[PDB]
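So this first bit is one chain, no partners, the form deposited in one PDB entry, shown in structure tokens.
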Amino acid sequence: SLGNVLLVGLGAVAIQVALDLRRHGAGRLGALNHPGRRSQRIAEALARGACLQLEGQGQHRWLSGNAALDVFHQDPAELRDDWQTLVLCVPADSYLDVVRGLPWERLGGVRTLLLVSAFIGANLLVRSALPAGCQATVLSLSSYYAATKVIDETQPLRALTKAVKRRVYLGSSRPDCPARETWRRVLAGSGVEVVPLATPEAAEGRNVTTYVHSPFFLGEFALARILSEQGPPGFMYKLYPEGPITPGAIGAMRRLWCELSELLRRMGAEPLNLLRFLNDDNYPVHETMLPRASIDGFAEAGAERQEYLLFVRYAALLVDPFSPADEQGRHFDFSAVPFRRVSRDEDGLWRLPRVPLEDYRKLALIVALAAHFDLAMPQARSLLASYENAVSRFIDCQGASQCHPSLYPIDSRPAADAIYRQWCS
């Protein structure tokens, strides 16, 4: 079945998954999280008798439950060969470090490894990093299937899920993989439809953040908010000047979707209809704003129409059109997610929030991979250089000695080269 399940990285995602895993019945449930303040707080909470707790918000409160953890490790040396399934709940830009850091000499019994938020090439990269003869199947879930946050870092085991996707996709490094069906069931428990696809890259090409975060949060407006310490953070999904969404950002979104689509075709995977994907799998609007015919025909509609429809879609979501109206006729301000900004870590060094550091690193790797398929991806590269220039000016102003080295530019070509070699086996 799933056997004993080890969660790697015990954050908001891991707690949602733990709930769904305990509904399905796992056998033993463990977690490994690298040493640090969070791990320390987790161990204290578990030692005081706490359990993982998940709160569903609003119409999701039916999801609420508690789940028990059998073992927690903040030290890989105590791991023994007790685990059949590994679930990576760490940031996706850390998958390589995490897979290299795992004690595989002690994990020979692992037969499945699930990437909960994969990107194009993640399955191949993880496999290139496995030890020789490893025969764990690697599974790529397209995106994390919910929106979950740890409310209060002082209660590190309590998370709140505010939203749930209608549907996600799941590929496997092993053809016709039986494990996909198990995960379909596991996630069905929280209301999500899991669509199995014949290839990990087909699933990885349906990672929603690659298509949305890249054009919106790697641009000038977003980085200016993110790299700022004074003034209001702005809003991530509002129109200029309150947020980053402009016709030019929408054009970037269209042009990058075309590039990513061509890469997926060159790796043997069917691209997606971006508008139907956003509307049908993530969050819809009314037929008056987006006609069903326009959604289904998006890929054939021509660039100007395509960009008009994407803009309408994001404008139509500035509020939640299905939320209840207030006394005055207003709907919930769905678009007001403030931007998280740079902050100083415990060593005094400036650090970047995961938006956009994670989005930058995923795209840099996808671009470097695409060069092996002779694909230049100029729109992706333009968004990379926009991020690089903004961060470089922030180091200039702030001083290098003040900045965590994750702010410096990272070389994606070794990883791309390992991905491509793995692909050509």
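Under this definition, the rigid core comprises the largest set of C-alpha atoms superposing within 1.5 Å between the forms. Numbers follow the displayed sequence, beginning with 1.
The same protein also has a form deposited in another entry, omitted here; what follows describes it.
- Among the residues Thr209, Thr182, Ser228, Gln74, the single one whose Cα moves by at least 2 Å between this form and the one not shown, once the core is superposed, is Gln74.
- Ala380 shows a C-alpha shift below 2 Å between this form and the one not shown [criterion: core-superposed Cα displacement of 2 Å].
- Once you line up the core between this form and the one not shown, the Cα of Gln59 ends up 2 Å or more from where it was.
- In a rigid-core overlay of the protein, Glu44 has its C-alpha displaced by at least 2 Å between this form and the one not shown.
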